[PDB]
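J.: Protein chains in written order, with the deposited numbering: chain 4, 174 to 469, 505 to 552, 557 to 607, 614 to 731, 741 to 780, 792 to 835; chain X, 332 to 405, 412 to 413; chain 7, 219 to 360, 368 to 385, 396 to 423. All C-beta atoms, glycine included, are put in the ideal place defined by N, C-alpha and C. The structure under discussion is supplied below as structure tokens; questions concerning it will follow.
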Amino acid sequence: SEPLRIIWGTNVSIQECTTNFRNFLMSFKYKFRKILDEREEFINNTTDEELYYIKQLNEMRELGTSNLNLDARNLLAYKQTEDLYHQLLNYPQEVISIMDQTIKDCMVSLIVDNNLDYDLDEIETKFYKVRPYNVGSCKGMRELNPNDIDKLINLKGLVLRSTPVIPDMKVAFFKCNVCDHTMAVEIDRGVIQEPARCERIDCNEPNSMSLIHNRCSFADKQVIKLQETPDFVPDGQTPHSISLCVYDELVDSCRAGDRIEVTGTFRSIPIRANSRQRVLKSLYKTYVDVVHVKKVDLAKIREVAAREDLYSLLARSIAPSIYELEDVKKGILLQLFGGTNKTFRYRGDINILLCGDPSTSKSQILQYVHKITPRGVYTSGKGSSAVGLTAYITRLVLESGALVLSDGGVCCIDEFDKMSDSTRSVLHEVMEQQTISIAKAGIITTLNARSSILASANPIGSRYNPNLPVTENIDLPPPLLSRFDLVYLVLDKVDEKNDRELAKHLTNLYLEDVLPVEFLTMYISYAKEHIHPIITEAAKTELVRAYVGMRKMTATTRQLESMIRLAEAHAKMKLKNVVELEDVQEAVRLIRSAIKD
Amino acid sequence: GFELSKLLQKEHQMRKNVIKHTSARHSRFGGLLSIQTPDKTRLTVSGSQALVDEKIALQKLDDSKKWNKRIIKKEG
Amino acid sequence: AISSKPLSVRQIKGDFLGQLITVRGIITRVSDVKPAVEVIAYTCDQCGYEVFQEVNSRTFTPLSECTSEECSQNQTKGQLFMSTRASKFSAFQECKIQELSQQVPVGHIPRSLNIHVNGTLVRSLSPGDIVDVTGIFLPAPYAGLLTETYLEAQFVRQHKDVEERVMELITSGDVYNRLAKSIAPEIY
DNA sequence: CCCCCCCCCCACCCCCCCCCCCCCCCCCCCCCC
DNA sequence: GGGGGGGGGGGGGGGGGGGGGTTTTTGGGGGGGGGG
Ligand SMILES: [Zn+2]
Ligand SMILES: [Zn+2]
């Protein structure tokens, strides 16, 4: 007696699918998911009786936002919806459209059933999307086969590049040449359903409608190239790749170099032999049409900031695996904090170098600060394993080097003695001006590098000679060496009272399981976010008398500027908003140790 | 300017109407509805919103026809 | 007997076209798997009755007007739209086999041949495999009368418990010395 | 420190399409019942 | 006064014609590195 709305080719009723989804999208409780998964005894009513997707839709509607994330296992946890999971996997676009429409209907019905007043016109105007994810096993890109050609799949891989956003027409806009009447036409399966005659019966001219391109409505499309991860490849051949299409607010979900998951329908389409013909090649382009993407506190901060031993505590915590080099550790901690910037340029960078014998802990020290710092890099003074120090013009494009890439982070450079001369010259304007000047291919700019450098350098030959000065042992020239705030020597000279305890400390790491090593990054982050020290007036006189003292003892104003920056860094430590006399005194003292080399 | 605001609201009513006649996802997403009639026979349409609204499906199946009756014509 | 014999690629003269032959070589490169169409399926918007096109060729032309009598007997020029779900695809993969260093005559370039593999036999071939592949040697038109030609693969012959079997060597003994000597055993 | 070397990068058939012609269909007008 | 038939216009379909469809060597400049 009535028509039926059926998912084509399946005999699934769309009313049944709709209500099966509705009765989960409302009245599901998160406790059921722990029944499906392992560790079911961790169910807890005071956290798990929540109407999980009512909670999601409420926060979502208070944010007015269109998208819902949906772990597909939650369908299998709920009795009226376990079949909907199979329909979702096997017939995804229809089921997903049904789920989208159901989310919009839930939003509409909530503001009249839960009946709090809201802009019904806003919800009416808005589109809504489900993002199903964790659909199933992350089957290999190399394992896909033509049975997948309409199923919802899951992939993992590496983003190589993405197009700019591509406008994709959703509604064509037509205008009549004779009578200027206008009509909107939805694009159906990518085809413009052109009106052959003008709509208005009082005009009805044939072939008179014309497309007004910049009055059409466009969705956003983007194409991204995903390479097979080397974890999955067989050893003797190239990795594969798959192009994936991604739309609207999922555009620019990822960038070049991102390792990601995607959940998406595997799709295929024919391609033409030549554009002037309908003739199609007998095997289709394949792509995945994605619906979800994913990559790969203050109380304690203030509590720890009250401590008296904080300087030593934090300094030892940067590398507790390494035997005692404690003034180096203190210097590198102060480098992590850094000074302050000013408008007028003078900036907050602090720069450190380690020299002495090659076969010693300095490399591990650079590695540890690299692991700690938010956005630093590790490199060495010459060559390029597809990563190099200086900015460089190549094909035409400008590439930014490791110094420039380390903007706002510590740049760790090993083999700093063996650095090439053009690089040795280039370091001057980042040391002084924190920038590098580019003047080629019609582009002129001072490309701002804004990086603190931790250098690791070596003597000539196998051993450092401490009876000779640093300039006599090291290759790199004094005017560059002068720019470093703190400069250190680490030596392998035999002493059992050091070597035995080093060996016992080292060997004990294989047996054993205060050291806030994981809280260190959070402390550094909140300090850099919140604290901007200013110099006390008494600290002016302290800086002046200390500088004239070391001047009476070959100093330069670069040492005074260094003492300022170190004192400001010392004031970020302890979360102090104004540089104290003790901050100046420790900056002075540590520099007095360093300048004696 | 007030009357211009009135005009903009009047056409915004048309916007909230055509939105419901528009796909919530891109045109190539292309899920297929099948209308089974009251008899044992089936029609097919690609309308993504029409999957949940037979009103849209029926009037789209009507608009899909290539045929039009020919129409007739009709100084100092 | 011809399907038994392992020919080299240059021994596959033009006289063997259409015949089931077996070729011996090394796979030099392999394509990723792609869906070839066997039967395209079209939904019809204006009558619902689907129609089908079998494809026997490298290229095809898509149908537009509904040929079914449900439309045509009513002279209704309804529109056909391709559907992937109802179309039969087949797994397709192109590989290239190259004749081995012993098969190349003096001073010649190693010649090579495209292999087309369909269905369950797909991804039985990896690059670097030395292999006998039986298939139908066939032409493809693009030249004029010169032909492109390929091997429609049919059969593959590759040329090339532990947690307790390890106890054989454990009990055999002197394991470090003997296993060390077994690295390059002929080297003094 | 200076000069020279050497290294790098760069320059004929088949389909789509368009035009022309013929027939058929639909409307309007006039006559007949 | 309404319905049928005849005649003219307008539209659609079918047919026919036509046109289109990368590495390797050589030279030069500039940059980088090594030896006296
Ligand atoms: Zn008009
Ligand atoms: Zn039809």
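#1: Which value, in whole angstroms, describes the spacing of the CA atoms of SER618 (chain 4) and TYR306 (chain 4)?
#2: Whose CA, out of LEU724 (chain 4), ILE605 (chain 4) and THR298 (chain 4), lies closest to the CA of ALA657 (chain 4)?
#3: Can you tell me whether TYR590 (chain 4) is buried or exposed, with buried defined as 16 or more other CB within 10 angstroms of its CB?
#4: Of all the options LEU665 (chain 4), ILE276 (chain 4) and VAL622 (chain 4), which has the alpha carbon lying nearest to the alpha carbon of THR192 (chain 4)?
#5: Taking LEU325 (chain 4) as the reference, which of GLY600 (chain 4), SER310 (chain 4), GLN797 (chain 4) and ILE180 (chain 4) has the closest Cα?
#6: Which residues in the same chain have their Cβ closer than 8 Å to the Cβ of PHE300 (chain 4), if we skip the five residues on either side of it in sequence?
#7: Ends of the alpha helix (DSSP H) at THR192 (chain 4)?
#8: Could you compute how far the alpha carbon of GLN264 (chain 7) sits from the alpha carbon of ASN350 (chain 4)?
#9: Check whether the Cβ of residue 362 (chain 7) sits closer than 7 Å to any heavy atom of ligand 2, and report yes or no.
#10: Roughly how many whole angstroms lie between the Cα atoms of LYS467 (chain 4) and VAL816 (chain 4)?
#11: How is the beta strand (DSSP E) around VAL349 (chain X) delimited, first residue to last?
#12: Hey, how far is the Cα of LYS351 (chain X) from the Cα of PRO357 (chain 7)?
#13: When you check each C-beta in the segment 270-301 of chain 7 against every C-beta of chain X, which residues fall closer than 8 Å?
#14: Counting only beta-carbon atoms, is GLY266 (chain 7) nearer than 8 Å to chain X?
#15: Counting only beta-carbon separations shorter than 8 Å, does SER335 (chain 4) have a partner in chain X?
#16: Would a C-beta distance cut-off of 8 Å place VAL248 (chain 7) and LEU343 (chain 7) closer than the cut-off?
#17: Anything in the segment 245-259 of chain 7 with a Cβ closer than 8 Å to a Cβ of chain X? List those residues in chain order, please.
#18: Buried or exposed: where does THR551 (chain 4) fall if 16 or more other Cβ atoms within 10 Å of its Cβ makes it buried?
#19: Is the beta carbon of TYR260 (chain 7) within less than 7 Å of some heavy atom of ligand 2?
#20: For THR285 (chain 7) and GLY296 (chain 7), what's the separation of their Cα atoms in angstroms?
#21: For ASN380 (chain 4), which option in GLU401 (chain 4), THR402 (chain 4) and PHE347 (chain 4) has the closest C-alpha, if you only look at C-alpha atoms?
#22: Grab me the residues of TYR774 (chain 4)'s own chain with a C-beta within less than 6 Å of its C-beta, minus the 5 sequence neighbours each way, in chain order.
#23: Roughly how far, in whole angstroms, is the beta-carbon of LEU518 (chain 4) from the beta-carbon of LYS812 (chain 4), given that I think they are within contact range, below 8 Å?
#24: With a threshold of 8 Å between beta carbons, is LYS396 (chain X) in contact with chain 7?
#25: Taking a contact to mean a Cβ-Cβ separation below 8 Å, would you say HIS757 (chain 4) touches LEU542 (chain 4) in this structure?
#26: For a minimum of 3 consecutive residues, which ranges assigned as the beta strand (DSSP E) are wholly contained in the segment 324-409 of chain 4?
#27: Hey, how far is the Cα of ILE322 (chain 4) from the Cα of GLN293 (chain 7)?
#28: Sort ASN218 (chain 4), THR183 (chain 4) and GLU650 (chain 4) by Cα distance to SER700 (chain 4) and report the nearest one.
#29: Please state whether the Cβ-Cβ distance between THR336 (chain 4) and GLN395 (chain 4) is less than 8 Å.
#30: Kindly indicate if chain 4 contains any beta-carbon less than 8 Å away from that of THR372 (chain X).
#31: Do you know how far the Cα of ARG304 (chain 4) is from the Cα of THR585 (chain 4)?
#32: Got a sec, what are the start and stop residues for the alpha helix (DSSP H) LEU518 (chain 4) sits in?
#33: Along chain X, which residues have their Cβ under 8 Å away from the Cβ of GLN274 (chain 4)?
#34: Is DSSP giving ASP286 (chain 4) helix, strand or coil here?
#35: Could you tell me how far apart the beta carbons of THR277 (chain 7) and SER455 (chain 4) are, in whole angstroms, since I believe they sit closer than 8 Å?
#36: Any chance you could list the alpha helix (DSSP H) runs of at least 4 consecutive residues sitting entirely within the segment 245-277 of chain 4, in chain order?
T.: To lay it out plainly:
#1: Numbered from its first residue, the first sequence carries residue 618 (chain 4) at position 400. Numbered from its first residue, the first sequence carries residue 306 (chain 4) at position 133. Between the C-alpha atoms of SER618 (chain 4) and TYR306 (chain 4) there is a straight-line separation of about 36 Å.
#2: Mapped onto the first sequence, residue 657 (chain 4) falls at position 439. Nearest to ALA657 (chain 4) by C-alpha distance, out of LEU724 (chain 4), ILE605 (chain 4) and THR298 (chain 4), is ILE605 (chain 4).
#3: Taking the first sequence and counting its residues from 1, the one referred to as residue 590 (chain 4) is at position 378. That one is buried.
#4: One-based indexing of the first sequence puts residue 192 (chain 4) at position 19. Looking only at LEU665 (chain 4), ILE276 (chain 4) and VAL622 (chain 4), the smallest Cα-Cα distance to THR192 (chain 4) is reached by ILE276 (chain 4).
#5: For the purposes of this step, residue 325 (chain 4) is taken as residue 152 along the first sequence, with counting starting at 1. Cα-wise, what sits closest to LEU325 (chain 4) is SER310 (chain 4).
#6: Reading the first sequence from its first residue, position 127 is the one you call residue 300 (chain 4). Excluding positions up to five away in sequence, the list reads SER239, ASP273 and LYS277.
#7: Translated into positions along the first sequence, residue 192 (chain 4) becomes position 19. Taken as a continuous stretch (DSSP letters only), the alpha helix (DSSP H) holding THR192 (chain 4) covers 187-198.
#8: Position 46 of the third sequence, counted from the first residue, corresponds to residue 264 (chain 7). Position 177 of the first sequence, counted from the first residue, corresponds to residue 350 (chain 4). Our two residues, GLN264 (chain 7) and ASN350 (chain 4), have alpha carbons roughly 30 Å apart in a direct line.
#9: As shown, the structure holds no coordinates for residue 362 (chain 7); chain 7 passes over it, running from 360 to 368.
#10: The residue given as residue 467 (chain 4) occupies position 294 in the first sequence. The residue given as residue 816 (chain 4) occupies position 578 in the first sequence. The alpha-carbon atoms of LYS467 (chain 4) and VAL816 (chain 4) are separated by roughly 43 Å.
#11: Along the second sequence, read from residue 1 onward, the residue named residue 349 (chain X) stands at position 18. Following the DSSP letters along the chain, one finds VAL349 (chain X) in no beta strand (DSSP E) but inside the alpha helix (DSSP H) bounded by residues 333-351.
#12: Locating residue 351 (chain X) in the second sequence gives position 20, where the first residue counts as 1. Locating residue 357 (chain 7) in the third sequence gives position 139, where the first residue counts as 1. Cα to Cα, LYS351 (chain X) sits roughly 54 Å from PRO357 (chain 7).
#13: The segment 270-301 of chain 7 vs chain X, Cβ under 8 Å: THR294, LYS295, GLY296, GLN297, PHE299 and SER301.
#14: On the third sequence, position 48 is the one that residue 266 (chain 7) refers to. At least one CB of chain X lies nearer than 8 Å to the CB of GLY266 (chain 7).
#15: Within the first sequence, numbered from 1, the residue matching residue 335 (chain 4) stands at position 162. So no, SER335 (chain 4) is outside the interface.
#16: Start at 1 with the first residue of the third sequence, and residue 248 (chain 7) comes out as number 30. Start at 1 with the first residue of the third sequence, and residue 343 (chain 7) comes out as number 125. Their beta carbons are under 8 Å apart, which means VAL248 (chain 7) touches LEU343 (chain 7) by this criterion.
#17: Answer in chain order: no residues at all.
#18: If you number the first sequence from 1, residue 551 (chain 4) lands on position 343. Around the beta-carbon of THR551 (chain 4), fewer than 16 other beta-carbon atoms lie within 10 Å, marking it exposed.
#19: Along the third sequence, read from residue 1 onward, the residue named residue 260 (chain 7) stands at position 42. Flag unset: Cβ of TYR260 (chain 7) not near ligand 2.
#20: Here residue 285 (chain 7) is taken as the residue at index 67 of the third sequence, counted from 1. Here residue 296 (chain 7) is taken as the residue at index 78 of the third sequence, counted from 1. So the alpha carbons of these two residues sit roughly 9 Å apart.
#21: The sequence position of residue 380 (chain 4) within the first sequence is 207, counting from 1. Nearest Cα to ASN380 (chain 4) within the set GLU401 (chain 4), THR402 (chain 4) and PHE347 (chain 4): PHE347 (chain 4).
#22: Walking along the first sequence from the start, residue 774 (chain 4) turns up at place 547. Close CB contacts of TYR774 (chain 4) within its chain, under the 6 Å cut and outside five residues either way in sequence, are with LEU798 (chain order).
#23: Numbered from its first residue, the first sequence carries residue 518 (chain 4) at position 310. Numbered from its first residue, the first sequence carries residue 812 (chain 4) at position 574. Their Cβ separation, rounded to whole angstroms, is 6 Å, which keeps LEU518 (chain 4) and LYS812 (chain 4) in contact under 8 Å.
#24: The residue you call residue 396 (chain X) lines up with position 65 of the second sequence. Yes, because at least one Cβ of chain 7 sits closer than 8 Å to the Cβ of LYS396 (chain X).
#25: Position 530 of the first sequence holds residue 757 (chain 4). Position 334 of the first sequence holds residue 542 (chain 4). The answer is no: Cβ separation not under 8 Å.
#26: Counting only runs of 3 or more, we get 325-335, 339-349, 355-359, 382-384 and 390-401.
#27: The residue labelled residue 322 (chain 4) in the question sits at position 149 within the first sequence. The residue labelled residue 293 (chain 7) in the question sits at position 75 within the third sequence. As the crow flies, the alpha-carbon of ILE322 (chain 4) is around 34 Å from that of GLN293 (chain 7).
#28: Here residue 700 (chain 4) corresponds to residue number 482 of the first sequence, with the count starting at 1. Ranking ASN218 (chain 4), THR183 (chain 4) and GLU650 (chain 4) by CA distance to the CA of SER700 (chain 4) puts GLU650 (chain 4) first.
#29: On the first sequence, position 163 is the one that residue 336 (chain 4) refers to. On the first sequence, position 222 is the one that residue 395 (chain 4) refers to. Result yes, Cβ atoms of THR336 (chain 4) and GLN395 (chain 4) sit closer than 8 Å.
#30: Here residue 372 (chain X) refers to the residue found at position 41 of the second sequence. Judged by the 8 Å Cβ criterion, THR372 (chain X) is not in contact with chain 4.
#31: As a first step, residue 585 (chain 4) is located in the first sequence; it is residue number 373 there, counting from the start. As a first step, residue 304 (chain 4) is located in the first sequence; it is residue number 131 there, counting from the start. Those two C-alpha atoms are separated by around 34 Å.
#32: Residue 518 (chain 4) sits at position 310 when you count from the first residue of the first sequence. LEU518 (chain 4) -> alpha helix (DSSP H) spans 518-525.
#33: Numbered from its first residue, the first sequence carries residue 274 (chain 4) at position 101. Correct list: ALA355, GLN380, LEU382 and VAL383.
#34: Numbered from its first residue, the first sequence carries residue 286 (chain 4) at position 113. In this structure, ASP286 (chain 4) counts as helix in the three-state DSSP scheme.
#35: In the third sequence, the residue the question calls residue 277 (chain 7) occupies position 59. In the first sequence, the residue the question calls residue 455 (chain 4) occupies position 282. In this structure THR277 (chain 7) is in contact with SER455 (chain 4), their Cβ atoms being roughly 6 Å apart against a cut-off of 8 Å.
#36: As for any alpha helix (DSSP H) of minimum length 4 sitting wholly inside the segment 245-277 of chain 4, the runs are 246-249 and 255-263, ordered along the chain.
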